[PDB]
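Values reported hereafter were calculated over all heavy atoms of this structure, with side chains retained and with hydrogens, waters and symmetry mates removed. So you know, we letter chains A, B, ... as the sequences are listed, proteins then strands, and number each from 1.
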Amino acid sequence: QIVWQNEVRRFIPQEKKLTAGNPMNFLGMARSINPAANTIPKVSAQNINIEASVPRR
Amino acid sequence: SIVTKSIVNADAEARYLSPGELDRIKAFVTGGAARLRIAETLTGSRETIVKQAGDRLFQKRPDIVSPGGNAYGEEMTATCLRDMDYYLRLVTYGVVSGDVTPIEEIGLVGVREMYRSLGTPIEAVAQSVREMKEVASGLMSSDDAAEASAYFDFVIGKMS
Amino acid sequence: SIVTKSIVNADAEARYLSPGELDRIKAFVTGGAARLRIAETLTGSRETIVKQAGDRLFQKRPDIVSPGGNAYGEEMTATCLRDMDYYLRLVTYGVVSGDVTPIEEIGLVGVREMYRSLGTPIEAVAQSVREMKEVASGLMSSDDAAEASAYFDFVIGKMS
Amino acid sequence: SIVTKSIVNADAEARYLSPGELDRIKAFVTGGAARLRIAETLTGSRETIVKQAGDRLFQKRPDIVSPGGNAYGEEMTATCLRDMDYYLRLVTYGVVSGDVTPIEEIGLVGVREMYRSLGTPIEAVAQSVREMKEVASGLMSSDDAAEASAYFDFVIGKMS
Amino acid sequence: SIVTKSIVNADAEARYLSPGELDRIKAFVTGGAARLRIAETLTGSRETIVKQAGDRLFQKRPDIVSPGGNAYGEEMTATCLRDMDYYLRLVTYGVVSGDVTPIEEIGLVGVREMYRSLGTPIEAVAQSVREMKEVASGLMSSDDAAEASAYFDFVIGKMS
Amino acid sequence: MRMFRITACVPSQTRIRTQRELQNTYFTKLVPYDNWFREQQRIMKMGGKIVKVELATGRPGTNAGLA
Amino acid sequence: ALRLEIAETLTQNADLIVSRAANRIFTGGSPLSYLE
Amino acid sequence: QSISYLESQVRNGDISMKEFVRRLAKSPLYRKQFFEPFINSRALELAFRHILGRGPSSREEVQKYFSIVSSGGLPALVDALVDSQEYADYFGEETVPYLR
Amino acid sequence: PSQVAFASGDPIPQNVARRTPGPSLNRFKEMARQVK
Amino acid sequence: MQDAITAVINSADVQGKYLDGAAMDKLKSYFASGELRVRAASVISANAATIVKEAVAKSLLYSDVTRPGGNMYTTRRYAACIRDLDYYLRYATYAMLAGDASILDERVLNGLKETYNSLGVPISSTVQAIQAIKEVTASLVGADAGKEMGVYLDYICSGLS
Amino acid sequence: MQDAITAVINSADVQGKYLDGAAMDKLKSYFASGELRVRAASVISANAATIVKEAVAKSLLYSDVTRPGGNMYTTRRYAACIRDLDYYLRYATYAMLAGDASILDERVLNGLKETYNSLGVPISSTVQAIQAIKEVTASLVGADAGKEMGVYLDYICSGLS
Amino acid sequence: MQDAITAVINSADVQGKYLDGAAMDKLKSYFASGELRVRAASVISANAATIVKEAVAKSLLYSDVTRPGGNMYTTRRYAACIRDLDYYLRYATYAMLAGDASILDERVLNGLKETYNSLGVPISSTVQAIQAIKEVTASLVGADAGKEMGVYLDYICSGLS
Amino acid sequence: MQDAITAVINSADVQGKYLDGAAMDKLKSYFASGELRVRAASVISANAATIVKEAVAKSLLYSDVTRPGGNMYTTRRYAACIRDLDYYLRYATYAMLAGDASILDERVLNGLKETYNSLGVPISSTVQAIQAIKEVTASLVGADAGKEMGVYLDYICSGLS
Ligand SMILES: *[C@@H](C)[C@H]1/C(=C/c2[nH]c(/C=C3N=C(/C=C4\NC(=O)C(CC)=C4C)C(C)=C\3CCC(=O)O)c(CCC(=O)O)c2C)NC(=O)[C@@H]1C
Ligand SMILES: *[C@@H](C)[C@H]1/C(=C/c2[nH]c(/C=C3N=C(/C=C4\NC(=O)C(CC)=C4C)C(C)=C\3CCC(=O)O)c(CCC(=O)O)c2C)NC(=O)[C@@H]1C
Ligand SMILES: *[C@@H](C)[C@H]1/C(=C/c2[nH]c(/C=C3N=C(/C=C4\NC(=O)C(CC)=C4C)C(C)=C\3CCC(=O)O)c(CCC(=O)O)c2C)NC(=O)[C@@H]1C
Ligand SMILES: *[C@H](C)[C@H]1/C(=C/c2[nH]c(/C=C3N=C(/C=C4\NC(=O)C(CC)=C4C)C(C)=C\3CCC(=O)O)c(CCC(=O)O)c2C)NC(=O)[C@@H]1C
Ligand SMILES: *[C@H](C)[C@H]1/C(=C/c2[nH]c(/C=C3N=C(/C=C4\NC(=O)C(CC)=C4C)C(C)=C\3CCC(=O)O)c(CCC(=O)O)c2C)NC(=O)[C@@H]1C
Ligand SMILES: *[C@H](C)[C@H]1/C(=C/c2[nH]c(/C=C3N=C(/C=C4\NC(=O)C(CC)=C4C)C(C)=C\3CCC(=O)O)c(CCC(=O)O)c2C)NC(=O)[C@@H]1C
Ligand SMILES: *[C@H](C)[C@H]1/C(=C/c2[nH]c(/C=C3N=C(/C=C4\NC(=O)C(CC)=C4C)C(C)=C\3CCC(=O)O)c(CCC(=O)O)c2C)NC(=O)[C@@H]1C
Ligand SMILES: *[C@H](C)[C@H]1/C(=C/c2[nH]c(/C=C3N=C(/C=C4\NC(=O)C(CC)=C4C)C(C)=C\3CCC(=O)O)c(CCC(=O)O)c2C)NC(=O)[C@@H]1C
Ligand SMILES: *[C@H](C)[C@H]1/C(=C/c2[nH]c(/C=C3N=C(/C=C4\NC(=O)C(CC)=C4C)C(C)=C\3CCC(=O)O)c(CCC(=O)O)c2C)NC(=O)[C@@H]1C
Ligand SMILES: *[C@H](C)[C@H]1/C(=C/c2[nH]c(/C=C3N=C(/C=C4\NC(=O)C(CC)=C4C)C(C)=C\3CCC(=O)O)c(CCC(=O)O)c2C)NC(=O)[C@@H]1C
């Protein structure tokens, strides 16, 4: 049995429909794999000594 | 538009446009705010008119969604509502143009052969555009309803 | 007329009138009161306009009344003023009808053959009806002169 | 493909196909079934390689999804996975064609200028493609993955 | 009528009948006995075609006999099965003539605007002639019913 | 648009030389006013006879409202 | 098929037909001396 | 796409095929399909094969018909094409034009 | 049924002969005959 | 053709006189009735096919003309008949917008009587069909616009008869 | 145009000789296939709307060509594509019953490339449409008649490509 | 051809979306400039001949081209040059009224360069003549609409070059 | 240019999707047909000069083309015609290997008709030469390879015509 009331209620515009190359197809995929961002590494350049902390090998 | 019609006719007669067409062009230019207002009203209510008119068509004529029908299937009904959105878009084009030439050049030439091929009933398509006309006229003000329903009955008259 | 040209376009394309041209006929009907007001003031001033324009014509071009011109003599100048009266009547006819079609189908096409067989200078009668449009624009209000000057300038263009 | 490359080379030397290139086309024709199997597995599992390699990329280079990064944001990570899917589809095309010229023409010429305009780290995209080849090598059989990793290798050589 | 099309085409080409066309008229005259045999079998079994097509139609598509359709009560169905008898008569005319030319002469063209003015579904009329076709193929021998179906399918193609 | 109801017979003067198909040289024609002068000149230069012509379209002597 | 076997008949004996026609027409010698 | 008015006038025969060709060529349908998408020169080159069934034959013929279509446009070009000695010689009054 | 395949079947090769010197070289043929 | 303003302009031009009140009263009447004519034409163009189908249902269906041997039996013949009927409706709409029936008695009634006499079309049945169209339009668009339509429609009836 | 019979007679006329050894074989193969080719023509001409229906439904519908921005978006363009597929099927029937592709050379392929490059019609999508045509005809008429149509349909495809 | 209205309609239609305000402002700007376009077109249609007259007097008269051996030497070629300038002025008026240069490359420019190259017409001299037309109509109409006219005149020159 | 494989890849890339089942079926068809194409290319590369030799002896020697006044009279004209036949045979071999006639459009048929029209080359005589090339090639190369070579050489003939 196929029913048309829910299809009429679920109708979406074709210009709002997603095509192949739209990155919004992978928007839910990026929701699925939530990337782990970095906590901000607070650094001050004034506390850095140029002569010593530069590598030497 | 009427500008395109007048320029095309004057070009075919190999003459400049007379003031008897120039006053018509400037009158169409000045009387544009009402057509623009009807256009943004229709594109604001572009979804709900399509939803209600599709609901009214499939409750009035269940042979469309009957087994063995042309639109039996969820994707078939989705494409039917997409065609309703197409013709509503063409009605907005004709409203904002002030002329029937966009509807004629986009979605009226070859429609009979097209739906004769696809098997879709042309009188039911005319009923769909008529139901969009009734929903839009109920949704908007009466003079604007008559102005939009003018292009709507042009579409259903070219349909049938 | 503009109504008969609209229905000529309508049965040339072999269908009913478009809603745009129906609203255009509505605009013509609503403006026809103003065109008829222009008709009243022009037919009230039908004598003084043509007399002042004829005096301006003879003042601009004295070679018409000089020997060697076409209009030498009292009956010749009377017929010249009669031609100017007919052309003023034709401009009022066009203002009433809303288009240059009555001027074209009465006294504007074939005017080259007319004044070639008469020997009359076509640039001189174009200058005469140009003085008619200047005196008319002097006597009219600004919107009425702007309305009549397009039809007058069409007479200038097709009779130059 | 390899057929087009051999035809272009033979046209460049204005000669018919050498029997070595005829043998290479013959061997590609006989061995294309394994390439079709590889491409079928990749297009069957094409979300899984992008999923795992995107996870491994966001683990190994979290500066990419750190604030101030090129792919910081939900839509930006979506476009990241979109680019990964593009390169996976290109690798399937190259596996089918047996020569890497479709990959070079579609997504390796001007890639440096494109990602330089976009501000995207080209070595990080190379890391993502390398992780895609790691996931594909885990997913496929040994000889098939060893043959299919060489197109990934050409992508790595062009981008890094 | 094959001989009608012979005379029309020979007059358009403006010469006498070619020997191949004369052999065509020989073939048509020899097959005339078989086609009139099919004709008298159809007019012997005409009524069972009408009744079985009618009630098979009313069981397959019950929308029209339902309220909202065109078939109300007894007289609408009587006019419909009269139309079914008319189209069966036209099929027998085409069979006995050897071509669909008298079908187009009495009824095969204009049917779309006919049933659009009448509100009648043209695709349902096509389906009506469809069960006319396989009921005739059931009752009459199929190797000899290929000739009758060769006009039946043209009729349903024109009304499709 | 004012027109004419004409009826004429124009025999072909070159059909014998050209060996073409035949047409009925007699015809009843509806011809517009603007084209009727050129059409009549074509008939008389071809050598045909116009045996009937009436102003079936429009009123005679209309000064305005022609097309 | 009938036209084909007629052609197969006539092409086989074409030399015979033209020889009989030439012997019917020409006198004073052998017309078949220099057949091309 | 058709003009049933002109088809009915052909069907009762008050106008013949010559007036049908004239009115159909100056109709807005032919004006849209073969006069709007072209220059006047290419338009008259197509109008020759649409009306006379042949191409333009000489430089002076192209010159004359270009002067006609410049003076009066598509209706003047169509009228000059149908009201010619060649059209009346080849297709008469009732014969459809054909590609020669 | 399978005798539909005229074009789609195996093609029948024609016997097409090489073009020979014609009667415009009759003088050179006579010249070559006297050369022998 | 000749509408109301060109008709009064031609009546003035025959006498060679400017437009006076004796024609400007009819001109004001035309400009007063113009929006009524345009709205009635809009309604008729909206319901143009329905007027034809109700007219043939109330006047032409189930008659001897649509019986076999009649003058409306075959499908091409019925298509031609409804083509004539909405031709009459559309040209009556043209004359109703124009204000005069020059278009009706010229580009419809040039040889219509003679061609119907040659074909055998029943003039009385076509008059009944036009009266059915007039009744449908009068019941559909109103009283004043209905009788304005009826003037041109029984002008068509007088032209046919 | 020319057919297989005209090609045979022209080749034998260029040779100056009769139909000696292989012309007869080609002619008898042509006449042996001819009645079944006429039957296939009858089936295709009877069902011709269904082949283009299943071809457009199989290959071109629900695609970028039919969605906005595509070359089959408007209804005029869709009806023109339907008429083009009807042209391809009908001229393939012509070439299949003539036994030679000279009709395709002189009335189809003479200007098809230039009209499609000027119009902007997608060559690959047209090729896919003709491939859908040839599998639908192979399903609806048979394998042998499907191949006999499909060699000329692939000739049209090669003319496209 | 396309005016500004049909241009923005097809620009919305090729992407398949409805009218948004970033498209509706284009129609609002066109309706703002429409009365300026109508008045400029009326002025140019009234003074069409004298624009060409003083343009040829400004640019082409007493030059090499009217002398014996020049391209506009004989009166036939002079009348053809005046006819060409009338064509350019009328179609530029059409493009100015439409607000879109579609009729220029759709009815003037698509082959005119090849025609002038075949005829030997000096394209640079015609460009200078059109520039003279631009200066004359800019002095005659005004700067605001003369700029819009000159845009399409330079469009004609760029298509000619 | 493109082969069948790159045609499938480009069509799938234009669609923006991966290779579906029908694409895999077309690829499998080309991989099935590849071996015959390779051996046909080997045969034609073996007999490249000899096919041209017997084709020109089959069609063009001792004719009006090689007689004085014909377009193959002089030695440079004969060398240019042999050069053209070598070009056609090599590019037909390339198209046979690729399974696509796109290289004939890109390299051969893009301007060769205008080239021959400017040169005065009889395209009827070249068409008969390529028909002789078809016959001699199909004599040496087999049956299905003969069909493929005949299709591509008839494409060259259709581009010429
Ligand atoms: C029943 C399954 C279907 C159907 C039929 C239906 N038809 C009518 C009415 C008419 N049909 C015709 C058509 C013809 N008359 C002819 O002589 C010919 C050619 C031989 C044709 C094609 C006509 C003229 C009528 C009008 C009645 C009359 O003959 O005078 C009706 C009645 C509709 C009404 O409003 O009375 C019906 C119900 N309708 C369906 O839905 C089914 C597809
Ligand atoms: C309700 C409207 C009816 C219904 C509709 C229906 N339509 C289709 C299929 C198509 N319709 C179109 C039409 C257009 N596309 C355009 O761009 C325009 C002009 C703006 C038109 C008119 C098209 C293109 C299709 C094909 C779908 C595609 O995009 O490729 C179907 C599907 C039929 C099928 O066999 O797939 C249906 C069901 N059917 C009804 O019965 C209602 C009356
Ligand atoms: C489906 C087939 C594809 C499609 C086609 C498409 N075709 C046209 C229009 C034309 N096609 C032709 C071709 C021919 N005319 C002939 O007489 C013959 C031989 C008998 C052929 C092959 C021509 C001339 C036209 C233009 C005018 C006409 O309609 O005949 C169009 C319309 C182009 C437009 O923009 O109007 C289209 C869209 N398009 C696709 O995408 C499918 C792949
Ligand atoms: C011959 C028995 C006697 C006769 C004949 C005659 N006829 C003409 C002139 C013409 N006759 C026709 C005939 C037809 N018109 C049609 O529509 C048809 C059917 C297709 C036919 C047969 C025509 C067209 C002409 C005009 C010439 C033309 O070719 O267009 C003449 C010539 C009259 C003259 O002076 O030119 C003659 C002599 N008269 C006799 O005396 C014969 C006994
Ligand atoms: C002038 C002395 C008097 C007169 C003239 C007049 N004529 C017309 C219109 C037409 N006259 C003709 C007749 C001809 N056809 C030909 O081929 C020739 C040359 C042999 C002639 C003389 C035609 C066809 C017309 C119609 C014009 C056309 O077809 O384009 C008119 C105009 C009538 C009107 O405008 O309704 C006039 C006035 N009448 C007079 O009063 C002068 C005394
Ligand atoms: C229908 C009301 C009645 C009917 C009529 C009937 N009409 C035809 C066909 C024709 N109709 C016309 C009418 C016009 N053609 C025009 O161009 C115009 C001006 C707009 C009109 C008014 C004509 C000329 C015909 C002749 C042939 C044609 O189809 O054009 C027919 C067919 C005659 C035939 O069979 O040949 C009939 C029967 N008959 C009735 O019973 C209805 C009451
Ligand atoms: C003298 C009888 C009358 C007259 C003359 C006059 N002519 C011009 C200017 C031009 N006249 C021509 C015409 C021709 N060029 C040709 O090659 C031929 C045929 C061989 C002709 C007939 C041209 C081209 C010019 C422009 C000058 C140029 O060479 O470019 C003028 C000057 C008008 C101006 O505005 O410059 C005059 C005054 N004037 C009269 O009053 C006499 C009746
Ligand atoms: C004038 C500015 C310069 C110039 C003009 C010149 N033009 C012609 C003749 C032709 N002009 C056209 C051009 C058009 N055809 C079109 O369809 C359109 C737009 C709708 C245009 C603009 C054509 C086709 C011709 C040829 C027609 C004919 O020859 O009659 C000529 C005459 C050339 C001749 O050999 O007679 C000239 C001289 N040349 C100049 O030097 C001026 C600078
Ligand atoms: C004789 C000294 C040697 C010889 C000759 C030979 N030639 C051919 C065939 C051809 N030769 C030419 C060459 C020319 N044609 C010209 O018009 C000119 C310049 C005026 C030249 C140099 C051509 C075109 C042919 C083809 C025949 C034709 O005219 O169509 C042959 C025949 C080879 C064949 O396969 O038929 C021969 C035998 N061969 C020798 O061994 C002698 C040393
Ligand atoms: C041989 C089948 C017939 C024929 C040939 C012929 N051709 C020429 C001269 C040229 N042909 C070309 C064509 C090409 N351009 C390309 O890019 C390619 C490959 C894709 C080809 C095939 C060109 C450019 C020339 C000009 C070369 C040149 O300038 O010499 C000639 C020579 C004519 C001459 O030298 O005047 C000939 C004879 N003509 C025939 O009669 C043969 C039947």
Side-chain angles (χ1 to χ4, degrees), chain D residues 1-18 20-36 38-39 42-43 83 85-115 122 125-126 129 132-133 136 147-160, chain K residues 123-124 161, chain M residues 1-19 23-24 26-27 30-31 34 37-38 41 91 93-107:
Chain D
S1 71
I2 185 65
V3 168
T4 51
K5 179 175 284 294
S6 307
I7 289 172
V8 159
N9 293 319
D11 209 11
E13 285 118 4
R15 52 159 176 79
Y16 283 84
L17 267 292
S18 67
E21 293 169 346
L22 288 166
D23 286 331
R24 88 178 70 245
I25 292 170
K26 176 77 76 173
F28 165 69
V29 154
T30 56
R35 315 172 164 279
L36 291 169
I38 290 170
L42 261 66
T43 190
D83 288 8
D85 175 46
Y86 274 170
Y87 275 109
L88 186 55
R89 177 159 58 88
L90 258 68
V91 167
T92 60
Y93 290 160
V95 163
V96 164
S97 68
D99 181 86
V100 83
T101 43
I103 305 182
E104 201 163 34
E105 277 301 310
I106 297 158
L108 287 178
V109 163
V111 52
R112 289 264 168 77
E113 277 91 354
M114 173 192 64
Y115 278 144
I122 194 75
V125 194
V129 177
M132 285 198 287
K133 93 178 180 67
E147 195 269 334
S149 303
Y151 300 94
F152 289 106
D153 181 351
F154 188 83
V155 178
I156 295 322
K158 294 300 287 184
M159 300 183 82
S160 47
Chain K
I123 300 300
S124 59
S161 60
Chain M
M1 50 92 81
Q2 68 180 3
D3 52 32
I5 301 167
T6 45
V8 169
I9 290 169
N10 287 345
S11 63
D13 197 12
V14 159
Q15 196 61 255
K17 72 183 189 295
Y18 283 69
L19 294 192
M24 297 286 283
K26 290 187 288 293
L27 289 159
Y30 183 71
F31 282 123
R37 291 176 200 267
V38 167
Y91 274 110
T93 311
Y94 291 163
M96 179 263 295
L97 276 169
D100 196 1
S102 167
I103 183 181
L104 299 178
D105 274 26
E106 298 295 326
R107 297 289 280 171

Inset, instruction - Please determine, by modelled atom types, if M/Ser102 and M/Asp105 share a side-chain donor-acceptor pair under 3.5 angstrom. - result: no
Drop me the distance from [X]'s [atom1] to [Y]'s [atom2], to the nearest 0.5 angstrom.
X        : Y       : atom1 : atom2 : answer
D/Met132 : D/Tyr87 : CE    : OH    : 9.0 Å
D/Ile25  : D/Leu17 : CD1   : CG    : 5.0 Å
D/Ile7   : M/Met1  : CD1   : CE    : 4.0 Å
M/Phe31  : M/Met24 : CZ    : CE    : 9.5 Å
D/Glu147 : D/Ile38 : CD    : CD1   : 4.5 Å
D/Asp83  : D/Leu88 : CG    : CG    : 12.5 Å

Legend entry - Beyond-backbone contact of D/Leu90 with D/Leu108, side-chain heavy atoms, under 4.5 angstrom: no
Legend entry - Side chain to side chain, D/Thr4 and D/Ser1, heavy atoms closer than 4.5 Å: yes
Could you pull out the closest heavy-atom pair between [X] and [Y], with the gap in Å?
X        : Y        : value
D/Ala27  : D/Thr30  : O-OG1, 2.8 Å
D/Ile122 : D/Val111 : CD1-CG2, 4.0 Å
M/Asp100 : M/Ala7   : OD2-CB, 4.3 Å
M/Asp3   : M/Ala98  : CB-O, 3.2 Å
D/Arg15  : D/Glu13  : NH2-OE1, 2.6 Å

Inset, instruction - Starting from the C-alpha separation in whole Å, work towards a yes-or-no answer on side chain to side chain contact (heavy atoms under 4.5 Å, CB included) for M/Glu106 and M/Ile103. - result: CA-CA 5 Å; M/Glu106 298 295 326; M/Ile103 183 181; 5.6 Å; no
Inset, instruction - Check whether more than 12 heavy atoms from other residues, nucleotides or ligands sit under 6.0 Å from atom NZ of D/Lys26, and answer yes or no. - result: yes
Can I get a per-line list of side-chain donor-acceptor pairs under 3.5 Å for residues 92-103 of chain D, giving both atom names and the distance, sequence neighbours left out?
| unit_1 | atom_1 | unit_2 | atom_2 | d |
| --- | --- | --- | --- | --- |
| D/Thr92 | OG1 | D/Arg89 | O | 2.4 |
| D/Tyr93 | OH | D/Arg89 | NH1 | 3.3 |
| D/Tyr93 | OH | M/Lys17 | O | 2.7 |
| D/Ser97 | OG | D/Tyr93 | O | 3.2 |
| D/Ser97 | OG | D/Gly94 | O | 3.1 |
| D/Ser97 | OG | D/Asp99 | N | 3.4 |
| D/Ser97 | OG | D/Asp99 | O | 2.6 |
| D/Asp99 | OD2 | D/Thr101 | N | 3.1 |
| D/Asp99 | OD2 | D/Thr101 | OG1 | 2.7 |

Inset, instruction - Check for a donor-acceptor pair, side chain of M/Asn10 on one end and backbone N or O of M/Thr6 on the other, with a separation under 3.5 Å. - result: yes
Legend entry - Side-chain donor/acceptor of M/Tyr94 to backbone N/O of D/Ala10, under 3.5 Å: yes
Please output the side-chain donor-acceptor pairs of residues 150-160 of chain D that fall under 3.5 Å, not counting sequence neighbours, one pair per line with the distance.
| unit_1 | atom_1 | unit_2 | atom_2 | d |
| --- | --- | --- | --- | --- |
| D/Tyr151 | OH | D/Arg35 | NH1 | 2.6 |
| D/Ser160 | OG | D/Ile156 | O | 2.3 |

Inset, instruction - Evaluate side chain to side chain contact (heavy atoms under 4.5 Å, CB included) for M/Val8 paired with M/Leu19, printing each intermediate quantity in order. - result: CA-CA 8 Å; M/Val8 169; M/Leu19 294 192; 4.1 Å; yes
